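This report refers to the structure that appears directly beneath it.
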Amino acid sequence: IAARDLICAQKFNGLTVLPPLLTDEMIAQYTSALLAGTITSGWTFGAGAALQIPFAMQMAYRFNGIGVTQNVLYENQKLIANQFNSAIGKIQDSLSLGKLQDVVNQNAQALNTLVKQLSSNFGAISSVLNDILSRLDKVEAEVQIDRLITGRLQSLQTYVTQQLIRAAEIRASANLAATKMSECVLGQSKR
Amino acid sequence: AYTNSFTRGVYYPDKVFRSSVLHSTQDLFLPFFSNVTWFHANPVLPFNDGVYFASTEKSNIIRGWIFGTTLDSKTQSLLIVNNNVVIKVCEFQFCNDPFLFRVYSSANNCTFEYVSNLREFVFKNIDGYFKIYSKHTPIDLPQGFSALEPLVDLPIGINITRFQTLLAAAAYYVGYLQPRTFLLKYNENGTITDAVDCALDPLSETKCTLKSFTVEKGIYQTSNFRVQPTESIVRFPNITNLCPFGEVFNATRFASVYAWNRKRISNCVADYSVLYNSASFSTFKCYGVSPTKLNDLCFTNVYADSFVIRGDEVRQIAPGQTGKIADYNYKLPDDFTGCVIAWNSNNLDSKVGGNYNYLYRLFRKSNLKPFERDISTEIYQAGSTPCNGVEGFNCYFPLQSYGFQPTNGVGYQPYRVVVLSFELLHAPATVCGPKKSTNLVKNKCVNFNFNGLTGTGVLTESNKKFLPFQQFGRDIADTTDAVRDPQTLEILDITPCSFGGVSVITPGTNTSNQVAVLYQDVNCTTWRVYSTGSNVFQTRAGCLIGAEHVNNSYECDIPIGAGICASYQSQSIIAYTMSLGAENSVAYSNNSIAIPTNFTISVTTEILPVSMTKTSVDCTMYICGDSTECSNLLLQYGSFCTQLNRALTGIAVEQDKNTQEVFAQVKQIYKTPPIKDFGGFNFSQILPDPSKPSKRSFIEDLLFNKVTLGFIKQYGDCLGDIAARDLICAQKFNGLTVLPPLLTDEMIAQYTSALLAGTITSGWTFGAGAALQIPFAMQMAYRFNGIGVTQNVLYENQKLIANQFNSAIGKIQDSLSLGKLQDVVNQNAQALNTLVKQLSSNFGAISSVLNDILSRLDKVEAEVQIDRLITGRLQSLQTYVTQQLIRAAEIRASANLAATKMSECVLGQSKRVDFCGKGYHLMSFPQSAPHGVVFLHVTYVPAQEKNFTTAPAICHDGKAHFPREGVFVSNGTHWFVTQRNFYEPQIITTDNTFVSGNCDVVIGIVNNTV
Amino acid sequence: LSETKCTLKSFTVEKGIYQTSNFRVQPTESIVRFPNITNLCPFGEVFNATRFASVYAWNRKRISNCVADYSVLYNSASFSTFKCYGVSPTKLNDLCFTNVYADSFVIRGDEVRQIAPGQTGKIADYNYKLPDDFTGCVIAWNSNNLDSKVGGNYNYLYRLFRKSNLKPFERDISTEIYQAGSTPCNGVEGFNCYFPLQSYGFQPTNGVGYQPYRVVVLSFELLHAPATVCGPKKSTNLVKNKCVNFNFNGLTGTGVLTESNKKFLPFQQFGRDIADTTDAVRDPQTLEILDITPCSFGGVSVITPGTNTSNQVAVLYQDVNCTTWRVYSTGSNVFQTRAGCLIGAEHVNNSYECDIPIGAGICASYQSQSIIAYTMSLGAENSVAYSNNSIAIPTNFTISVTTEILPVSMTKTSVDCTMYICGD
Amino acid sequence: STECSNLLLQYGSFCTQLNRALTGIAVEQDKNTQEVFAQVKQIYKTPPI
Ligand SMILES: CCCCC/C=C\C/C=C\CCCCCCCC(=O)O
Ligand SMILES: CCCCC/C=C\C/C=C\CCCCCCCC(=O)O
Ligand SMILES: *[C@@H]1O[C@H](CO)[C@@H](O)[C@H](O)[C@H]1NC(C)=O
Ligand SMILES: *[C@@H]1O[C@H](CO)[C@@H](O)[C@H](O)[C@H]1NC(C)=O
Ligand SMILES: *[C@@H]1O[C@H](CO)[C@@H](O)[C@H](O)[C@H]1NC(C)=O
Ligand SMILES: *[C@@H]1O[C@H](CO)[C@@H](O)[C@H](O)[C@H]1NC(C)=O
Ligand SMILES: *[C@@H]1O[C@H](CO)[C@@H](O)[C@H](O)[C@H]1NC(C)=O
Ligand SMILES: *[C@@H]1O[C@H](CO)[C@@H](O)[C@H](O)[C@H]1NC(C)=O
Ligand SMILES: *[C@@H]1O[C@H](CO)[C@@H](O)[C@H](O)[C@H]1NC(C)=O
Ligand SMILES: *[C@@H]1O[C@H](CO)[C@@H](O)[C@H](O)[C@H]1NC(C)=O
Ligand SMILES: *[C@@H]1O[C@H](CO)[C@@H](O)[C@H](O)[C@H]1NC(C)=O
Ligand SMILES: *[C@@H]1O[C@H](CO)[C@@H](O)[C@H](O)[C@H]1NC(C)=O
Ligand SMILES: *[C@@H]1O[C@H](CO)[C@@H](O)[C@H](O)[C@H]1NC(C)=O
Ligand SMILES: *[C@@H]1O[C@H](CO)[C@@H](O)[C@H](O)[C@H]1NC(C)=O
Ligand SMILES: *[C@@H]1O[C@H](CO)[C@@H](O)[C@H](O)[C@H]1NC(C)=O
Ligand SMILES: *[C@@H]1O[C@H](CO)[C@@H](O)[C@H](O)[C@H]1NC(C)=O
Ligand SMILES: *[C@@H]1O[C@H](CO)[C@@H](O)[C@H](O)[C@H]1NC(C)=O
Ligand SMILES: *[C@@H]1O[C@H](CO)[C@@H](O)[C@H](O)[C@H]1NC(C)=O
């Protein structure tokens, strides 16, 4: 069963995956707290104590924010609510995400090619240590084992360098997402 | 009968002086915390790989030792005895009870002779050398750490498996040694004072990896779970006969070279030791295999080729030779695997008068191909004219005859030649060798040898169907994973027996010595662990052993994974689930609102790196030192140092650019105000202090002492032994240097003081051109208008606001008693230190010192080693440069963020949420720090809210009215209109209101009077 | 400037500052320090002995306190085999050797190929074996004139049967009968049992492959511990506080020798650092201990206005404090900064903007015409007339247009690896 | 293989380096998640009405 799993083929050769510290349920808990705060309090909770305010009055504030008078909202409340409900319905209808899948695909591909590069000779007489050691004595075997060692070390070094570059990219994206959460969800943006 | 050693038994591995260092070595050591045996006041004990001996005596009772295999007169034994120190190697005949001088009865021929309160000895036997280390120590085995020093090494050259003690009211101890890895500590004087056994505990593995005797609180990854092989297996086919050595090597008459003979070998056992008493070979050379492995292998397609040639043509039977025989008679491939055997036969093939029975080919149009035979007899044309049979002046008969007389020179004597060709380790094989098979063992980690293929692992029954011509099966990584048993013909799968990840959690060695272990691939709900215990907690990250579970939820202390953390509390380690935060709720309704009635002024600090250290490298000095030979060999890699230096120079200029674009935003320098009277606001703690050797403020001074880090280091400064501990001019004796920043710290402080003066005297006008003066209180009133509060609110609470600001700015300097800035320094130091440390690697050569290599080998033999060293060291430098580039990019991102923050938070008022602090931003002050910048953010925070009833609109007389600013609130009886961020009710009248409705459509309208 | 030109691989240089090689120093003279020994090594007793031992009971003797001048063998001894393993034959005259043993025996002509680290056969298996990590030399020569007698010399024996292979440098001198059929063999012989030892029959009229050969094996260690067997080199005086070339007991190198304060234990001769290079040594004659320091140290930089403007340059020595001789050349003007010592530029007292950055707040520029060094200026000095009842308000305005430039893309490339690496 | 394990010790300062880099990445990921999602330390209930 180890000859087809492709996961414990990785970890029979020393490659392992570590779990995240926060579980998906805890993340969903955080997002639910954010939604409850923004719906009940407006943008007050993002600056200290959360103050309650009726939702229609909050949307009137947000209309004053974009340069329209608040009586325009109160005279079209039902049309606005219907439009919002229909729009969210369309959003969930459409859902029947390649940016997120690309990261997973890249990580899997990197680990799999790392496993695959173990069949190279690197200039020796074979890529199997046991075959080399079954036929040659110590002095004649060091010369081949050293070539294999150098090849596999440079494989690992290449993998680590690529991982560092990808991590820097992901950090840039995470900083952008944090700023978006801070400025679009906890307040109204003018940019 | 049994005792415990703790840290007893350690010797100097080498004879080289070291001091102030930690060194890691592998040798045969007595394992830490092992059980030794106790003998009171003799028996015969084994001698496995070496012995640790100790004797606590008071009257010189222990006297000596005897070593050997059997202690009779059929083998040699070693006697060491005091009585005069006497050392002999003889064929002694010993007694059952030897005591001291009736120790032995006879002494046959000898090959070695030398007659000449806690005593510790170590004995070893390597390469015919009996090595002894010893030490004495004045005072139930005691405790402590002492290191034994080399005593003697004797060339006895005997085989030892047992030993015994010689006795004339004492005790002695016996422990056995195993190959281990130790981390020893040398002190200032060169004495070994401490050691760590790496293969004892996971904590010991962590200590050996960190190369330190202390560990800081955290969680560390250790080696994967390892399992040892229990036993060994041999499985060859069943064969009885012996290979036909007599028919090949003892044949009556051999063939001619031009018609060499070939025969196949199969179904036999290759036991060539039967040739030792009858055949001596002048040539025996093998190509694809070592001569010392032949007894362990099996061979697939075995052919033997025989012929006869003359004495000095034997050198032509080799893969790549030219000559008469190699060209026209017999050629070997370049990829030949086999053996060539030749021996002189002047007694059989020589006759008086001349033997003319052996021929060879002298003329041919073109060279043969490997293993091609040509037995033609057609005349040879050598003049480009017809050659129809007749001979002479153009035509020769191709074949010539050897003439072998008994009285020739050795170069013209007959030689018999055999060539054996075979294949190894790919297909089924019927010519095995003289090894004996054993039983087949399944479902255990064992050592196996299947038809010469050796390995380790677990064997299981398989379901694959090999074709008859296949014997092995390979995986995608090119390793064998299936095999066919050569006797039962069943097929087995081979699986490795090492699997699973392991981690160790520690609170710090300076706190406690207890640890927890996480097994990441185990479900205890279980035996794949080093040790079980009283408490075993199962998580979804693995199985944790050594920590107690609890049901309450704290914040995280040490992250373990999947929502579980650990901490240290009679005192134990506990595991819990991390809490996200407090549990709160909001009293929401459709006609209720809360409005603040008071406020607080808060000051918070933010820290950002701006720069890192600039370095340069002299590659010739790092790679070659000062060897002219190495310097001349390095020129064949010349296009690789300029590249590294270009990258480093780019980084070095980038750092100064970062500092310039963060701090030199204003080119006008504003002097500090001569009179400091700003509506009652105290700035003395952040303005420049002129009563110091610098112009740094109080807070800046507190900041600069909180980071531990430019200087001129002279040659005479660390000339001599002082270079062996500085750790800085150890770097720069190898070509690594640090360049100073272009702007000094005083200049940076000058820029920050100009910024503060501008912002305190001008507001935000100086960041857009000419700086215009304005009283500070009016500036604060403007900043209050900025966040949506009226300016009269500021003017009526000026004393309270000023007092709050002063107390808040005092709290910051109180608290200052910065790991983000220290991390950069630590990383930059560590990288260079490991670069210096990597110069002790061999990289595959015979030594890591150029001078040692060049003191013993000459040019041609020395290039082969110097080139390996050069490749390794170039790789080290390239790795360092790449990591530096990545870190520089990260620092550039941080510096750009700091520049934007200086431009938007300090030179103006920000509307972006949570960009210049927490709350509603008012204003910001920068301070300079080592390699970074610190921002003091001042924000407005509403407080002390109260409840009110609210309506969206008010209907007077059939018309709708809207507040036009703020909200309508009611305190139970009356209706007022107020502002959002501060309670300030007023009368609802026609100027604070506008009418744009008919009072028929607004939901929630409440009618009142205006 | 020439080093900069060679590094850039160009005959022109643009205005700026360039890093050059570190400050190098040449060694003045050479030193040799061996121990004091008078005697000559016993070549006659080993190579000229009347009778050697058998291969199964080979002989071994220790060599110490002598000088190895093997040129004395040229007059009398010709060798058919001489091979060395851990060292080159042309370096033997400059080295010292630590633990020297000589092992001697006699074998037949065609077995000499079996005295090597990884050989198989009768002698390598049952009689005499070498390690895989052997460091030493093997010497063999024909001796048909001494060990051959008419009718057959039967004094030399070897072992033909043994249960298992010998370990390296192991001797076996037993005489017990050998069991070859798995039946009791209590002394009697025949059809299952053999006496383990066989005898060479050496007659003068044999083939060269059946003639006697005398074999000596020398084993020693190099460059780790104290040594008493040295080559025929002559010592010189000890020189301190100068960069010299040294040869201490065969270990060669360069640097400065200084008196030390370390106490080696009697069994130690050298000392190492974390980098695994030798740092301390013990003089083999006075028994004092010296420290070895490299004599190359310090960074150097060159400031140039551009070769198309002028050929004159300034040099910054980054590890020198002229307030001074660790410089290539002195000059009329020398300026001391906290970045190093600058030689070839005139200091001035007025402050400009930066032109060429030097470090720690100092820049340089081209001024009859010379290079000048000053401290960069941060900008103009202004002030604000602040009071508690005053304000300034603009009365006019200006419209300004400014430019900003940003990169968006770079060039796209591809590679054919087979074409770059292997051509065709 | 014990032989390869004993031969690899002449390259011992190259595994710790790789592992340090990977550990840095691993902690960076958890930091990213915290700084994106755990912005508010107060947990608010979903409204009852
Ligand atoms: C009697 C023991 C002498 C050994 C002294 C110790 C080390 C000398 C090492 C190598 C020198 C080889 C000496 C044998 C003569 C070499 C052949 C020649 O003459 O060119
Ligand atoms: C005719 C039998 C063919 C040999 C069997 C096939 C393969 C065995 C390969 C090598 C071992 C035999 C080498 C000949 C003996 C020389 C070694 C010695 O005695 O010094
Ligand atoms: C050792 O002594 C025994 C007994 O006389 C003798 O047979 C044997 O040949 C001797 N061997 C050696 C090497 O001296
Ligand atoms: C070790 O060296 C120090 C100086 O480095 C010295 O003070 C101390 O006495 C020495 N220890 C001894 C001699 O035991
Ligand atoms: C060859 O045959 C002869 C005579 O039968 C025998 O004495 C000798 O030992 C044999 N040698 C080999 C190598 O078979
Ligand atoms: C094989 O035969 C062809 C034609 O008969 C000839 O040209 C060629 O030389 C031969 N090969 C060899 C190796 O002689
Ligand atoms: C070897 O013996 C076993 C019985 O122990 C038998 O099954 C097997 O067939 C024999 N060898 C081969 C190649 O079949
Ligand atoms: C562990 O084993 C138990 C018992 O079968 C099972 O319920 C559980 O799903 C397994 N996995 C974990 C993570 O506990
Ligand atoms: C607001 O808080 C301050 C304390 O900072 C207090 O002195 C003041 O009385 C409070 N105002 C009211 C109206 O309670
Ligand atoms: C400002 O604070 C300092 C620090 O305590 C204090 O000495 C000074 O008196 C304060 N300013 C005034 C005007 O009191
Ligand atoms: C407002 O009322 C809610 C419940 O109606 C209460 O929980 C809250 O504490 C009140 N506000 C204040 C400031 O007390
Ligand atoms: C509400 O306001 C009215 C009008 O100012 C006042 O008479 C009454 O006392 C207030 N009630 C409370 C609870 O403040
Ligand atoms: C307020 O509106 C209600 C609903 O039409 C009406 O009955 C009531 O009389 C109004 N109040 C006043 C004071 O006009
Ligand atoms: C061996 O001794 C003889 C006679 O004493 C002498 O002639 C010969 O030169 C010596 N050979 C050596 C010392 O190699
Ligand atoms: C050493 O002695 C033991 C027991 O006497 C024996 O089994 C082993 O074969 C001997 N070693 C050698 C290399 O003969
Ligand atoms: C060598 O001679 C010196 C005197 O020049 C003497 O001090 C020294 O002891 C001699 N050699 C040794 C090893 O002592
Ligand atoms: C250079 O030497 C002078 C003379 O002693 C000394 O005052 C100064 O501190 C040293 N360092 C620098 C950077 O000038
Ligand atoms: C303002 O500047 C313009 C020149 O751009 C000038 O023509 C105009 O007279 C100025 N206004 C006053 C009031 O001086």
Side-chain angles (χ1 to χ4, degrees), chain B residues 68 72-77 88-93 104-113 156-159 258 260 322 324-334 361-378 380-381 398 591 949 951-961 968 970 973-975 988 995 997-1010, chain C residues 51-61 103-106 126-128 154-160 162 166 170-178 187 189 195-200:
Chain B
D72 57 15
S73 51
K74 293 182 183 293
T75 49
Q76 304 201 256
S77 299
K88 294 181 176 67
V89 190
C90 307
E91 291 179 9
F92 300 98
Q93 178 80 269
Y104 59 81
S105 172
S106 297
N108 213 356
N109 21 20
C110 56
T111 61
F112 187 80
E113 188 71 70
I156 64 177
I158 52 169
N159 177 15
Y258 89 90
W260 45 279
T322 187
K324 185 187 78 191
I325 297 286
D327 283 341
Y328 308 143
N329 283 275
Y330 186 86
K331 184 186 277 286
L332 287 180
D334 275 312
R361 180 166 315 267
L362 180 63
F363 298 109
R364 189 166 138 86
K365 268 162 144 294
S366 69
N367 296 4
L368 282 176
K369 300 294 190 83
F371 293 145
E372 189 204 338
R373 202 190 285 88
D374 199 15
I375 62 156
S376 81
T377 49
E378 324 317 327
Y380 177 72
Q381 184 194 156
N591 69 95
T949 290
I954 297 175
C955 195
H956 192 196
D957 63 358
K959 300 186 283 187
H961 301 244
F968 294 135
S970 81
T973 55
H974 298 61
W975 276 95
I988 304 181
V995 169
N998 192 17
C999 192
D1000 55 326
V1001 296
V1002 182
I1003 304 160
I1005 199 154
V1006 170
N1007 45 11
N1008 201 55
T1009 187
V1010 302
Chain C
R51 186 268 186 189
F52 291 174
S54 294
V55 66
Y56 90 94
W58 43 279
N59 190 51
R60 153 169 260 160
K61 74 176 284 194
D103 311 343
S104 63
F105 49 89
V106 162
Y126 307 147
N127 286 280
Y128 186 86
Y154 304 135
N155 262 25
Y156 295 110
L157 325 175
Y158 61 88
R159 180 166 316 265
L160 182 60
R162 192 173 142 92
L166 278 171
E170 189 206 340
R171 199 191 284 87
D172 198 15
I173 62 153
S174 80
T175 51
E176 323 318 325
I177 303 301
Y178 175 74
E189 302 179 353
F195 191 74
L197 296 184
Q198 183 62 255
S199 173
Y200 291 119

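Just follow the structure's listing: the first ligand is 1, and inside any ligand the first atom is 1. As a basis for the values below, the full set of heavy atoms in this structure was taken, side chains included, without hydrogen atoms, waters or symmetry mates. Labels below follow one simple rule: chain letters A, B, ... track the order of the sequence lines, proteins then strands, and each chain is numbered from 1.
Looking at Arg364(B) against ligand 6, only its side chain comes within 4.0 Å, counting heavy atoms. If you look at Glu372(B) next to ligand 6, the close heavy atoms, those under 4.0 Å, all belong to the side chain.
The pair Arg364(B)-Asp327(B) does not meet the salt-bridge criterion, since no charged nitrogen lies less than 4.0 angstrom from a carboxylate oxygen. A salt bridge does not link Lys331(B) to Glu372(B): none of the charged nitrogens lies less than 4.0 Å from a carboxylate oxygen. Ion pairing between a basic and an acidic side chain is recognised when a charged N comes within 4.0 Å of a carboxylate O; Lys88(B) and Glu113(B) show such pairing.
Taking the six-membered ring for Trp and the full ring otherwise, the centers of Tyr104(B) and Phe92(B) sit less than 6.0 Å from each other. Ring pair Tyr200(C)/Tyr154(C): centre-to-centre distance not below 6.0 Å. Aromatic rings of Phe105(C) and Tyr128(C) (six-membered ring for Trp) have centroids within the 6.0 Å cut-off, being under it.
Against a heavy-atom cut-off of under 4.0 Å, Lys369(B) is close to the following atoms of ligand 6: 13 (C). Using a 4.0 Å cut-off to heavy atoms of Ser366(B), the atoms of ligand 6 that qualify are 9 (O), 12 (C), 14 (O). Applying the 4.0 Å criterion to heavy atoms of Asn108(B) picks out, from ligand 3, the atoms 2 (O), 4 (C).
The shortest N or O to N or O distance between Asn109(B) and ligand 3 is under 3.5 Å.
A donor and an acceptor atom, one from each side chain of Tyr126(C) and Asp172(C), are nowhere located under 3.5 Å apart.
A heavy-atom distance below 4.5 Å is found between the side chains of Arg361(B) and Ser376(B).
Taking a distance limit of 4.0 Å, we find that atom 14 (O) of ligand 3 is approached by some protein heavy atom. Distances from atom 2 (O) of ligand 6 to the protein include no heavy-atom value under 4.0 Å. Distance check on atom 6 (C) of ligand 6: every protein heavy atom falls at or beyond the 4.0 Å cut-off. Within the 4.0 angstrom cut-off, atom 9 (O) of ligand 6 has one or more protein heavy-atom neighbours.
Using a 4.0 Å cutoff on heavy atoms, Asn367(B) counts as a contact of ligand 6.
Ranking protein heavy atoms by distance to atom 11 (N) of ligand 13, first place goes to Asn1007(B) ND2, 2.9 Å.
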